[PDB]
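Trainee: The listed protein sequences derive, respectively, from chains W and S.
Just so you know, we're using full-length UniProt numbering here: the first sequence kicks off at 25 and counts up by one.
Just so you know, we're using full-length UniProt numbering here: the second sequence kicks off at 90 and counts up by one.
Where a beta carbon is used, it is the ideal one built from N, C-alpha and C, also for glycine.
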Amino acid sequence: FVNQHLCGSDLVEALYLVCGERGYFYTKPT
Amino acid sequence: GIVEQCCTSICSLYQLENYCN
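(1) By DSSP, does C100(S) sit in helix, in strand, or in coil?
(2) Check the DSSP bridge columns for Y48(W) and list the partner residues they point to.
(3) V42(W) and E106(S): beta carbons closer than 8 Å?
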């Protein structure tokens, strides 16, 4: 994978990519 | 939390896969 600071939906999109159908959890606003 | 390691800093697939089911 590339090493870049992800933010906004970019970061999510990655999980949506890595996790694909596995299902991931993105929330708990830091 | 993943927001900090990946936004404030670059994350590693191990961290990304870690938040995945």
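Mentor: Here's the rundown:
(1) coil
(2) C109(S)
(3) yes
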